[PDB]
Amino acid sequence: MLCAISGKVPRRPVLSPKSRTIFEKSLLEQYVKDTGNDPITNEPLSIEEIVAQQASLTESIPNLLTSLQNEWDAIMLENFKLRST
Amino acid sequence: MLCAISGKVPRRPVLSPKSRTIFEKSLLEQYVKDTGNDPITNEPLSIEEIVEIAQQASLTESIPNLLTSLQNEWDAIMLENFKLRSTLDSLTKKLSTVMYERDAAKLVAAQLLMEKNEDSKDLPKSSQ
Amino acid sequence: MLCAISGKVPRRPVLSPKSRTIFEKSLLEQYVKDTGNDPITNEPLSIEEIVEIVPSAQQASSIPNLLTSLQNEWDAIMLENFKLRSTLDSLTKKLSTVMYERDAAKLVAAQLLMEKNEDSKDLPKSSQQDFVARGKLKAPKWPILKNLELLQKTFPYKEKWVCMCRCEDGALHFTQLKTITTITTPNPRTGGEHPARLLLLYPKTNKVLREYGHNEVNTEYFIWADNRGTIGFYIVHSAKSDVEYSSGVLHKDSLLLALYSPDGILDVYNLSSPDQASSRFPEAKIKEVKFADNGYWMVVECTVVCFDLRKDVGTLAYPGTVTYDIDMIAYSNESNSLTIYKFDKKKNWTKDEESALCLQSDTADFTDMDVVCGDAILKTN
Amino acid sequence: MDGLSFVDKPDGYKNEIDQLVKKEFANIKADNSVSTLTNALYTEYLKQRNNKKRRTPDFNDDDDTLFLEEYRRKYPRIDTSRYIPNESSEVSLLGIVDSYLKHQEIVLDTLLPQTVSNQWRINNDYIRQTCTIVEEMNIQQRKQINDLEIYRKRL
């Protein structure tokens, strides 16, 4: 949603394969042309290094399972409040 | 923004350096242990080769999570894959009707290629 | 459940707070007293730095793993759905490329047909400007069917007995108690017959009564057709065609066969699939069909029409034919009389000795003689 | 193989050619137990029944409804705590996810254009080829007809 270099909403997002972070193509391209590096980690990166199943949006099976962790992990701390007291 | 295995919206996306494609960590970690290669490109890939890189508003009426929501999830998983198995079966049947009708047309063309040129040849011979 | 110094099961698991690795209290203490260090990372560590003894306090010694199990099974669900979808879309590419290319290739024909047509009118408008009678009963006269033993021996069916006769000795070897189909097994001791609703298998005895007739290539099975609209080996009919089958013959390789119909069709069947794979149309009841040993010719009668099975086309028509048989150099026909044609140039022999209908014709080995039967005599030529 | 689509400007011909193709067709003629119950559930068209118990219950019951009652309390307290942390943020948490969905949507329609352009671009190249050869075929046929009458008028 944001570009990490500028802070704007990038209109052509390209993700690097050395420091995993969504950069704007036009911004990161200039960073690479300055020096062949990734801006965050300062690891080497070139322009070529930068880059059928239909999905549906993340909503309230996997999201439901991680929800039930939050339920139990919170209730486990509720037990400590009464074990300690 | 999605995962390239399940069709998820990943909570901990990780990108492989052999083929630039973002997968959800659990699903890519499972593939590498099953058979150590990249699922899309079929290139050599390990767990160490991976490089690690969302809000859902829980409904107002959020009992239902145990009963109604969980029930719907395993209904929707069940009746989709069954219907998807139905779709795969017909594609293979409709494949056979395609290739047979294709080869049927090939024989027509081959039969007509001998027919036409010899009819044209006969007109050239007629003059004599 | 193992120490990281000796490798023993630790009965007092203590850990160093510089590198996370559970040792045993005895061994780590001996390492610290030797030199004040962590054994794995060689960092600074002392005895007081170690966290000793078990941890259970305000805890109590299910549920959490059920959710873990629910994740593990879902992990497979996703993996399965991926591989199922890949093949789904990857097959759709073949479907799409074919259908497009099919209708593309279809337009080739439409063009080709109209040009071919143009060539016709153009050129047309321009060019313009022994005889044995005692095999069967004299009082119920007639032989209705004939076969020769493939491995050597004559078999006839009579206006109700099946007879085996030896041409050399001129003796009837067996009279087996109307018969309209007969088949001689190559084993010489088995003969088969059929009639107006049984098939009978004979040794001078009938060993089976099974309730057109053709022996399968293996020698072990009989194909039959009937007026009841079925063929049998399994027993099948065509709902769509729904009519009497008038004759039946296996192709020599034993994978396909033909059945003639009362409504003038020659139906080709796949034996394994039990399906009707092709039908040859073009009048009246089919009377006889014969497959050539060349494996690609089929002759049919109702005219005698010749089919190339590689093209599924009628390449020649010779305009009562009751019986057809190839020797593959020669084709014989019989009914009103006996005629033999050379297959290469399509008539080489013509016999009219029988009085009334000829019911069967056959070639001796190497075509060294011909045989025919009639409504009482069996004749050799 | 060759059949010019752009150049060849009926339905009768499709119906005609279909019959000739039809006549030549007349001539030729990894999971565990999970998969078993899932396929059975989908085939039978029946979902496994869940716990329809917490909703109904009844006062002055027994030791069984003493449990069922105590269940309703703890879950209602969890419920009322589960509604508190939602209302605290309120609509901010919802509209923050609404923004994510707009970034997700626009990405798809960019690919709709990229496909649209390359699909029309391939067809664009084909068009020129069709018109190139269609002329050459026209040239051939004219020359064909010339000979046809030329050979006659000589004889």
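Scoring rules and cut-offs
- Residues numbered from 1 in each chain as written, not as in the entry; some residues may be left out.
- Chains lettered and ligands numbered in written order.
- Part of a larger assembly, values for the part shown.
- Heavy atoms only, no water.
- Residues with missing side-chain atoms left out of burial classes, pairs and counts.
- Pairing = 2+ DSSP bridges.
- Helix = DSSP H or I, 4+ residues; strand = E, 2+ residues; numbered from the N terminus.
- Axes fitted to C-alpha atoms, helices over the stretch in contact; angles between N-to-C directions.
- Parallel < 35°, antiparallel > 145°, perpendicular 65-115°, else oblique.
- Contact = heavy atoms within 4.5 Å.
- Nonpolar A, V, L, I, M, F, W, Y, C, P; charged D, E, K, R; others polar.

Naming follows the PDB entry, where chain B appears as Pre-mRNA-processing factor 19 of Saccharomyces cerevisiae.

The name given to chain A in the PDB entry is Pre-mRNA-processing factor 19, and the organism recorded there is Saccharomyces cerevisiae.

*Asks:* Account for the pairing of strand β22 (residues 304-308) of chain C, with residues named and values stated.
*Replies:* Residue and element names in this part refer to chain C. Looking at chain direction, strand β21 (residues 297-301) and β22 are connected through five bridges and run antiparallel. Within β22, the residue paired with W297 across the bridge is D308. Note that β22 and strand β23 (residues 313-318) share five bridges and pair antiparallel. Pairing of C306 across the sheet is with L316, part of β23. Connecting β22 to the antiparallel partner β23 that follows it, the hairpin turn spans four residues, and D312 within it adopts a positive phi of roughly 55 degrees.

*Asks:* Which residues make up the packing of helix α2 (residues 68-126) of chain B against helix α1 (residues 11-28) of chain D, and what values do they have?
*Replies:* Between α2(B) and α1(D), whose axes approach to 8 Å, the crossing angle comes to 110 degrees. On the basis of the axis angle, α2(B) is roughly perpendicular to α1(D). For the pair formed by α2(B) and α1(D), the contact residues are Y100(B), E101(B), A104(B), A105(B), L107(B) and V108(B) on the first element and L20(D), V21(D), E24(D), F25(D) and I28(D) on the second.

*Asks:* Which residues make up the sheet that holds β21(C), and what are the values?
*Replies:* All names here are of chain C. Judged by pairing direction, the sheet is antiparallel, and its four strands sit side by side in the order β20-β21-β22-β23 without closing on themselves. Strands with a single pairing partner mark the edges of an open sheet, and in this sheet they are β20 (288-291) and β23. Strand-to-strand twist across the sheet, computed as the mean angle between neighbouring axes with direction ignored, equals 20 degrees. With four bridges connecting them, β20 and β21 associate as antiparallel partners. By the bridge assignment for β21, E288 is matched with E301.

*Asks:* Any details on the packing of helix α1 (residues 25-34) of chain B against helix α2 (residues 64-128) of chain C? Residues and values, ideally.
*Replies:* Put simply, α1(B) and α2(C) touch, their axes get as near as 10 Å, and they point 80 degrees apart. Here α1(B) lies roughly perpendicular to α2(C), going by the angle between them. Across the interface between the two elements, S26(B), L27(B) and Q30(B) of α1(B) pack against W74(C), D75(C), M78(C) and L79(C) of α2(C). Residue classes in the contact of α1(B) with α2(C) are distributed as four nonpolar, two polar and one charged.

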